[PDB]
């Protein structure tokens, strides 16, 4: 679908990959709603586009994607202020990783709430309107290659949710197709971003009784490598996927062989038909 003249609603749109996607959709003629739990991120993002005199084409909403009431309100606000959206980017996510034995129910609930229920809430809150307006659209869900290649127990909560997001995206494709809505699941490798600030981004209700505060502290000090990919490069991949209705977008090929070995082991478990 053509991006010119559309409105895109982007969760986690005020940092990292979501912001990279925002820049590139804007550059291709979309107007933007950036939805984010971090007010300081939102302010920074707003100032960025204002410095380039694009502030008119950008709206910001502070919310938690795991709050269904806020998501319903945001769908109404998007339509009322910016129109649509035609393009739904369910991109917000956090890193709930840590020693597996230390993880508590609060950590599981947190990890699944943001990284799996966030995209589901986006679909449930926004796609009824996307269907009803009858001008098609597109959905991008940001999963991870960690949802595909074998991962260690330290990243169990993350990997589990991201694998579910890949399958979610695959399965909804034919339903969304009924109303000319395409879908893409984005599976990145290492991208420069601020996901190391995940501890700050954890919603209040998931903090008490967490077992992973110490890991979140260490994560906060992690240096962003200069050889990680730029968010705007990922943005261009998403422009391409939206224009050409591509189901899968992977940013890196470094886990091709590890994925192949996993896939082989799965096939090998199958008897002869």
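Residue numbers count along the first chain shown, from 1.
Student: Compare the mean C-alpha B-factor of 124 to 132 with that of 195 to 203 as given in the PDB entry, and name the stretch with the higher value.
Tutor: According to the PDB entry, the answer is 195 to 203.
Student: Averaged over C-alpha atoms, is the B-factor higher for 185 to 193 or for 83 to 91 in this PDB entry?
Tutor: The stretch with the larger average C-alpha B-factor is 185 to 193.
Student: Between 237, 224, 33, 65, which carries the biggest CA temperature factor in the record?
Tutor: Across 237, 224, 33, 65, the entry lists the biggest C-alpha B-factor for 224.
Student: Taking only the Cα B-factors deposited for this chain, tell me whether residue 37 sits in the lowest, middle or highest third.
Tutor: Its C-alpha B-factor, which the entry lists for residue 37, ranks in the middle third among residues of this chain.
Student: Looking at the temperature factor on the CA atom of residue 8, which third of the chain's modelled residues does it land in?
Tutor: Lowest third, going by the recorded CA B-factors of the chain.
Student: For residue 174, return the chain-relative third of its C-alpha B-factor as stated in the PDB record: lowest, middle or highest.
Tutor: Residue 174: CA B-factor falls in the lowest third of its chain.
Student: Sorting the chain's CA B-factors, does residue 241 end up in the lowest, middle or highest third?
Tutor: Within its chain, residue 241 is a middle-third residue by C-alpha B-factor, going by the deposited values.
Student: Sorting the chain's CA B-factors, does residue 109 end up in the lowest, middle or highest third?
Tutor: As the PDB entry reports it, the C-alpha B-factor of residue 109 lands in the lowest third of its chain.
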